[PDB]
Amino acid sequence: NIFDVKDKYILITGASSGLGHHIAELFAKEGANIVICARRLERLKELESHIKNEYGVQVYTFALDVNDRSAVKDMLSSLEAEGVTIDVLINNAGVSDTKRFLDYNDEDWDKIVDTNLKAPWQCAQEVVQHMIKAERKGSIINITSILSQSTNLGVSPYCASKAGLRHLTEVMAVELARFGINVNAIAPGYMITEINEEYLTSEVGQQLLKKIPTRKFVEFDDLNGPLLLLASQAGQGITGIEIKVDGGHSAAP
């Protein structure tokens, strides 16, 4: 089995979102041990109990801000002291907003760009230090977005940040190959979530459906394949790429 991730430790940021939950559950279901973090601890204790109960894998929870480097480092040290080495980092931290181009302020910018671009970078740096010390030839997966190359209205800093992370992915792959660490991205299209429930089920968003070739928004399960590929031996010869999962959304006329 080339997609085997059993007994690995998967570190997942942005773990309290619907996507964060799905990812953790996917890897626990495949027999991987899970390290989940988010800003607020209470949402993770819940996910933790469920995962331990359903799958019996090891689960570690950490509350921290992904932009707090010393917090991430302190998380890794805490893991190292318990004898744990991270195999795969999944950078899934992400915030956005909807504002006209001229209405975004410096505060909006710092929040969106630091969360979507700076934080994955910091986290990758620290996890890589940790992997290198343990001589572990792991993997890094960046959750980007089709908005890293496609555009939409009202989401300018998000687009900027995603595009930055996509190119950073390529550069990281080039600079980290010497440590045997591959670095790749997965770019989802529009996923049906509650943060954009009003938007998608509306009539204006329903017209989007008719532009998307599969006539369907992205389901979490659509991500399963690429996630397992990029986190396992199956993906070891692959580095520096971005896999779009969008039902052809980005290729539409």
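Just count from 1 along the sequence shown to find any residue number.
Relative to one another, 65-73 and 191-199 have unequal mean CA B-factors, and 191-199 is the one with the higher figure. Per the PDB record, of the two stretches 97-105 and 178-186, 97-105 carries the greater mean B-factor over its C-alpha atoms.
Within the listed group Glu126, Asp87, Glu80, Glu170, the record reports its top CA B-factor for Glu80. Among all modelled residues in this chain, the alpha-carbon of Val59 has a temperature factor (C-alpha) in the highest third. Among the modelled residues of its chain, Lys244 has a C-alpha B-factor that falls in the lowest third, as given in the PDB entry. Looking at the C-alpha B-factors along this chain, the one for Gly31 belongs to the middle third. Per-chain ranking of the deposited C-alpha B factor places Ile51 in the highest third. When the modelled residues of the chain are ordered by C-alpha B-factor, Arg136 sits in the middle third.
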